[PDB]
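Novice: Sharing a structure here in C-alpha cells format.
For neighbour counting, all protein chains shown are included, and Cβ atoms are generated from backbone atoms with ideal geometry for every residue, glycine included. The numbers here are math on the coordinates, done by the rules we state, and not lab data.
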Amino acid sequence: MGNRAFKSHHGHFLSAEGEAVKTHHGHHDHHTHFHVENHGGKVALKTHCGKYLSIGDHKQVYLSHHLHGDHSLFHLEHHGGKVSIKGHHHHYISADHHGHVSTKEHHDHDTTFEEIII
C-alpha cells in the first residue's frame, strides 16, 4: 500500500528527480514520489507508466518496463518497524548509507528501509 519513498536511515529516502532516480530529504520544492501497486502475488514500482525498478548485478541499478515475475517488479514486505525489498537470486535491494544503492543477500539494517508516505 504505498505512494512515496523508501528511507535508509534518517539521512535520505529513494525518490525521483527529473529524468533520473536518486535519494534525498524533503526541503527544496516537492520531492517527486514513487507509486507501489500490486502484481500477481507480489508488488511493483511505477511512477510514469513506462518505468519499473530494475537491477543489473554486483552493485548496479536501473529502470525497466511492466513485467510479471521478479527483478523488474519486486516482492517487498514490512519488517517489525522497517521494510525490505527483494528481487531474484534471493537478493534484497540495498542502500549502505552514503555508500549508494546496490543489493545484498543478508537481511538486517544495511538493506532494510523505513516507509515514508505522503
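Novice: Specify the residue that is nearest to the chain's Cα centre (by Cα); the eligible residues are those in the stretch 55-103 that are within 16 Å of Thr23 (Cα to Cα) and among the hydroxyl-bearing types (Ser, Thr, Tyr).
Specialist: Restricting to residues being within 16 Å of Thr23 (Cα to Cα) and among the hydroxyl-bearing types (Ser, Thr, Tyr), the top hit is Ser94.
Novice: Could you tell me which of the residues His28, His24, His33 is farther than 23 Å from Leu67 by Cα, surrounded by 12 or more Cβ atoms within 10 Å (Cβ to Cβ) and not β-branched (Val, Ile, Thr)?
Specialist: Being farther than 23 Å from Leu67 by Cα, surrounded by 12 or more Cβ atoms within 10 Å (Cβ to Cβ) and not β-branched (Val, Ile, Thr) holds for just one of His28, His24, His33, which is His24.
Novice: Would it be correct to say that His9 is within 15 Å of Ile118 (Cβ to Cβ) and either outside any strand (DSSP E or B) or not aromatic (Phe, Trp, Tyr) (or both)?
Specialist: no
Novice: Something else about it: Read through the list (1) touching a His at 6+ places or on another chain (Cβ under 8 Å); (2) part of a strand (DSSP E or B); (3) under 11 Å from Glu115 (Cα atoms), then give the number of the only condition that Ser54 fails.
Specialist: Of the numbered conditions (1) touching a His at 6+ places or on another chain (Cβ under 8 Å); (2) part of a strand (DSSP E or B); (3) under 11 Å from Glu115 (Cα atoms), the odd one out for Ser54 is (3).
Novice: Out of everything in the stretch 81-118 that is hydroxyl-bearing (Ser, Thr, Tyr) and in a strand (DSSP E or B), what residue ends up being farthest from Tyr62 (Cα to Cα)?
Specialist: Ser84
Novice: Does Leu67 fit the bill of being more than 17 Å from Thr112 (Cα to Cα), in contact with a strand residue (DSSP E or B) (Cβ under 7 Å, 6 or more places away or on another chain) and either hydrophobic (A, V, I, L, M, F, W, C) or assigned to a strand (DSSP E or B) (or both)?
Specialist: Yes; evaluated as a whole, the condition is true for this residue.
Novice: Would you be able to say whether some residue in the stretch 90-101 is among the aromatic types (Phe, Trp, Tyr) and in contact with a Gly (Cβ under 9 Å, 6 or more places away or on another chain)?
Specialist: No, the stretch 90-101 has no match at all.
Novice: Name every residue in the stretch 72-110 that is surrounded by fewer than 17 Cβ atoms within 10 Å (Cβ to Cβ) and β-branched (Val, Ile, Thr), in order of residue number.
Specialist: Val83
Novice: Does the stretch 37-46 contain at least one residue that is under 24 Å from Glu17 (Cβ atoms), touching a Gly at 6+ places or on another chain (Cβ under 8 Å) and either touching a residue at least 24 places away in the same chain (Cβ under 8 Å) or of a type in the set (D, E, K, R) (or both)?
Specialist: no
Novice: Let me spell it out: the conditions are (1) surrounded by 13 or more Cβ atoms within 10 Å (Cβ to Cβ); (2) more than 13 Å from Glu114 (Cα to Cα); (3) among the polar types (S, T, N, Q), and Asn38 meets all of them except one. Which number is the exception?
Specialist: The single condition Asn38 does not satisfy is (1).
Novice: Condition test on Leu53, is it surrounded by 13 or more Cβ atoms within 10 Å (Cβ to Cβ) and under 16 Å from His75 (Cβ atoms)?
Specialist: Spelling it out, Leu53 is indeed surrounded by 13 or more Cβ atoms within 10 Å (Cβ to Cβ) and under 16 Å from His75 (Cβ atoms).
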